[PDB]
Every structure is written in C-alpha cells, then in structure tokens.
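Since the structure comes first, as structure tokens, the remarks are kept for the end.
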Amino acid sequence: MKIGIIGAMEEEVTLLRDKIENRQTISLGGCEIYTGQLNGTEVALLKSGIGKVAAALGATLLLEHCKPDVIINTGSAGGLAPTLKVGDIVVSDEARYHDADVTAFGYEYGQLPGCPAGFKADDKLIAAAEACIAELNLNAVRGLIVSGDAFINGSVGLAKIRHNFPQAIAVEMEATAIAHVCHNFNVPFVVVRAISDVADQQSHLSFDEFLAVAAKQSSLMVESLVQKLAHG
Amino acid sequence: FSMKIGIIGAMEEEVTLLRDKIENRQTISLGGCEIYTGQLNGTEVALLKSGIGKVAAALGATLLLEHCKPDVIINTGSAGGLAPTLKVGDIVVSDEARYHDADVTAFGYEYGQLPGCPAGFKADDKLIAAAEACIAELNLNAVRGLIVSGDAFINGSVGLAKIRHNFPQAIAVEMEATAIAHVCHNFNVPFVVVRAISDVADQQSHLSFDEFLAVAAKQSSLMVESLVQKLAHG
Ligand SMILES: Nc1ncnc2c(CN3C[C@H](CSCc4ccccc4)[C@@H](O)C3)c[nH]c12
Ligand SMILES: Nc1ncnc2c(CN3C[C@H](CSCc4ccccc4)[C@@H](O)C3)c[nH]c12
C-alpha cells in the first residue's frame, strides 16, 4: 500500500516532508515529490504549488510516476461552516468548482462538461479520517469543499460562493482539481484540511496569523490517517 | 525531419478536421483523454483532445508532454472575440496568455497571476512569426495579442465587463489556453495559441457559438495545417 499526499505550499508539506524516512525527491514539471516512509507506511508527498492547474499538473505526475493507491489532499482552508474555528478540521465528502460556469449550455453550476457535477470523496477514507478525529478529540466538519483560483476575502467573492453553494463547509484552491485528476484515473481521494481563516474581509490577516496552526493541525491529522489506513 | 508538433484542442468538433487528415493515425487513450499520433502532410504530429476547462487542459497537456514529448505545442479551437475589428471566423494568435479568473491580489500578486507563476505566459516568438506568415499567405483577418482563460463561458453582463476592465488589452477569451501555457512553461516547451472566433462573448454568445463553431473549427484547422507545414519545411 502506497498513500499519496498533496499539499500546495512548502508551509503545508514541510512538517510531513521532515518525517519521511528513506526519503528521495523527484523534481519534475516544476513540482517536487518526496517518496519514502511515514511512520513505516509507503508515501509519496507532492508539493504541487497553488491553484487548479498547478494541482492538476502535479497530481497527474504523482499518479503517473508513483501510482499511489489513494490520495489525501492536505493544507489550509477558508472556513464557511458556522461552527468552524481556526485550526479545526474539514473533511470532504465531495469537491466542486465554485468558479466553473457552463450553465449557458445546461450544465449544473460549477460543473464542467465530461465531469460529474461534483467529485465524491472515498467512503472508507472518510470513515478513517472521522475515527482519527474522534480519537484525537478534534473539532471537525464533514461536507462539500469548493475550489477556485481566487483567495476569498468577503465581499462579492464570498457572496457568490454562498449563493451557489450555501452548503459548502470550506473553500480553497486545489482540492477539486485533484479530485478531477483522480476521477479520470479511478483513484480514491479525500480532502483533510485545517482552517486558517473564515474567508471574510479579515481572511488575509487571519491567514497570515494562522497558516502555521492550520498546517500543523492538518499534518497531524494526515499522519494519524496514514497510520490508521495502513495499520487499522 | 525529426520534429514532432504537439496540437491541443478541447472538443471533438475542434479536433475532428485535423484528426481526419492524420496519415498513419493511431490513438492513445489515457486519463480520460485521447491523443492521435501520425503525420500531417508528412510532419509527425501528436493531437490531443483534452476536454473543456483549465484542469482538463492541464491534465491533458501533462500527459501529452510526458508520453509524446512534442517539440512545440499549438493550441487550436474556438474563442470569444473581444477585439473591435474581430468578426466571426477571424484568427486570433496569442502573444501571451493570462487567467482572467485567478485572484490572489489580497497577497500582492498581480490580478490573474498565481503564486509561483509569471503574471502571464509568453507565446514563442518563432511560432507567432510563422503563424503571422500563414495568415498573410492565406489572406485572413487576424489579431495578435493577449488571450485570457477561465472556467466560465462568457455571455455578456458582469462576466464580460469584468474581463474588459481587468484586461483592456485582451483580444479573445476561452477556457484552456492559459492552462496549456502554464504546463508548457513548467516543462520549458514553446507554445502558441491559434484560434478562430465563434462569438463576441456578449449576451448573444451562446447562440453565436452554436451557429459559428463549425466555421471557427474550420478556420482554426486550416491555420494549424499551414502552420505545421511552415514549421516543418519553411
Ligand atoms: N480564504 C481562502 N480562499 C481560498 N483558499 C484558501 C485557503 C487554502 N489555500 C492556501 C494557499 C495560499 S492562498 C494564496 C497565497 C499565496 C502566497 C502567500 C499566501 C497566500 C492556497 O494554496 C489555497 C485558505 N484560506 C483560503
Ligand atoms: N464566450 C466564450 N467564453 C469562453 N470560452 C469560449 C470559447 C472557447 N471554448 C469552446 C469550448 C466550449 S465552451 C463550453 C461548452 C460546453 C458544452 C457545449 C458547448 C460549449 C471551451 O473549450 C471553450 C468560445 N467562446 C467562448
């Protein structure tokens, strides 16, 4: 069993990179993949870069060169669910683009042609993440995570997300692109991210202040998740 | 006699004319995409049908580069016209490509720019020069300039007005070119976009698109055919 892990930023993957033993680095298409073992479990950790295209490019390389069994997308997120606080965990049951619009041709808002309207996260991965959450006494929410190529900062951008996706629990920039690539290769995925901000007019300040905490929380969750998946 | 020209279009109607002209055609099926290998009037080509939108294009482009290692990439297909002098059927050639829907301006990046990327991706001078030569030789109407991409079909209202405000110099809008440019940038692969106008991205864009996609696909395909020939044999 080989678990794939994707994070956008150095800050989001560095704690995990530090823990990978028998570590090698694949440098390709402007991405880095760190292979080896995380607490005795085979992993391949991609630092993708920010945004949908970076993520898609990276995920494609990871799948092709490492052939992981499953994909875990980690990192920070803007919280949208009312009970989320900075540091809290969000688990995808599903990922959708909040910025895709071909509704003029009768696709669902956020759906692109040739894709499902949303991408369903894997039930077994979700169950394992929720067990870890319980064992670690974490505050978490499970639900729709929406992705776009914009940093959300209140105002019109937030209003548009609330309009189209009142049920969305968090917003970020890579998860759906990762889900989309996984869909095309029939690879199970889950998103396990931690809240850095709440996507409002204070989101820039909050993010600067709480990215470190979000990166730590998400990484600790991912470590626990990898362990649970490999060793029950 | 040793070059391989990569060509990318999103939709079947955009690649079908080119696909039909491929000698010794074969098909590679991978990651939900198709790549047609063979020769086009004697020049080795690899033609990708990527599907629609930024991720589809990125996934497709990555596979094409990894599996086929083309020397250059030509992005073909339709676009919404933004430049005044553009009519349906006319050619657009990219000088450069920017995301019209990327916004990390909150952290001081230029509008359209993603962190880790240049603010826009420049098309290859030689590729552009040859595209401009084919335009003269074919006696076509064309504009060269900035082409912008996003994951939305543009249909007037705020959608169009926002693009025109943020990119007053943009000459066309579509949904794959910048994703392709971005992937090519990361692999150090020269690209050019050579598309043809199907609509003017206004209230009427959906009707205009349905009506003039065939014309767009024809005119773009003709241009790519001449371009491949020019790149291969001067
Ligand atoms: N409010 C928000 N909107 C969109 N995404 C997020 C995220 C998740 N991220 C965090 C990452 C950074 S956003 C742009 C950026 C670039 C350089 C420095 C700081 C921030 C990007 O990979 C997506 C947290 N809060 C968000
Ligand atoms: N007004 C416009 N906005 C964005 N893109 C375009 C384009 C270029 N295309 C044409 C392609 C189709 S747009 C979405 C779509 C979906 C199903 C059926 C028809 C069109 C997509 O690859 C981007 C032409 N006019 C456009």
Side-chain angles (χ1 to χ4, degrees), chain A residues 8-9 28-31 48-61 63-65 97-107 110-115 147-154 156-157 160 173-174 176-186 201 203-204 207-208, chain B residues 10-11 30-33 50-63 65-67 99-109 111-117 149-155 158-159 162 175-176 178-189 205-206 209-210:
Chain A
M9 305 173 76
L28 229 181
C31 295
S48 69
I50 289 168
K52 291 150 58 159
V53 170
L57 185 179
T60 303
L61 294 177
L63 294 187
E64 294 263 280
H65 290 263
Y97 301 118
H98 71 73
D99 65 350
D101 186 356
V102 190
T103 60
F105 291 85
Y107 302 84
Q111 180 184 18
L112 284 168
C115 304
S147 308
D149 273 347
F151 185 86
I152 310 302
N153 196 213
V156 169
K160 189 175 181 181
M173 301 171 69
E174 296 85 34
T176 312
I178 296 157
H180 180 152
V181 169
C182 289
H183 178 85
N184 285 20
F185 290 97
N186 293 112
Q201 297 198 218
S203 70
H204 172 90
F207 182 90
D208 284 339
Chain B
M11 310 166 74
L30 213 38
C33 293
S50 65
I52 306 306
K54 284 153 54 163
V55 176
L59 178 173
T62 305
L63 289 179
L65 296 185
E66 286 286 277
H67 283 80
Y99 297 121
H100 67 76
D101 62 355
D103 187 346
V104 196
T105 55
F107 294 89
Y109 297 89
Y111 187 86
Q113 178 183 19
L114 292 164
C117 294
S149 317
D151 273 350
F153 185 81
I154 307 307
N155 205 178
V158 31
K162 199 196 163 173
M175 304 177 60
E176 298 88 34
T178 312
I180 298 167
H182 183 159
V183 174
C184 288
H185 170 86
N186 287 208
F187 287 95
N188 193 30
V189 173
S205 73
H206 169 87
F209 184 88
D210 288 336

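Order of the sequence lines fixes the chain letters, A, B, ..., with proteins taken first and strands second; residue numbering starts at 1 for each chain. Worth knowing before you read on, the calculation uses all heavy atoms, side chains too, and leaves out hydrogens, waters and symmetry mates.
At a 4.5 Å heavy-atom cutoff, the contact between B:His67 and chain A is made by side-chain atoms alone. Interface remark: B:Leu114 contributes side-chain atoms only to the contact with chain A (heavy atom separation under 4.5 Å). For chain A, the nearby part of B:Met175 is the side chain; its heavy atoms alone come within less than 4.5 Å.
Heavy-atom pairs under 4.5 Å with chain B were tallied for A:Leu28, A:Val53, A:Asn184; the largest tally goes to A:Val53. Taking chain A as the reference chain and counting heavy-atom pairs below 4.5 Å, the highest number among B:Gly32, B:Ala179, B:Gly53 is found for B:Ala179. When each of B:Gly159, B:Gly116, B:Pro115 is scored by its heavy-atom pairs under 4.5 Å with chain A, the top score falls to B:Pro115.
Legend: residues meeting side chain to side chain donor-acceptor pair (under 3.5 Å) with B:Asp101, ordered by chain and number and at least two apart, are B:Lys54. The side chain to side chain donor-acceptor pair (under 3.5 Å) check on B:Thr178 picks up B:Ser149, with sequence neighbours excluded.
Looking at A:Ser48, its side chain never comes within 3.5 Å of a backbone N or O of A:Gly58 through a donor-acceptor pair.
In terms of heavy-atom proximity, B:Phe153 sits nearest to A:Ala104 at CD2-CB, 4.1 Å.
Here the straight-line distance linking atom CG of B:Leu65 with atom SG of B:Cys184 works out to 5.5 Å at 0.5 Å rounding.
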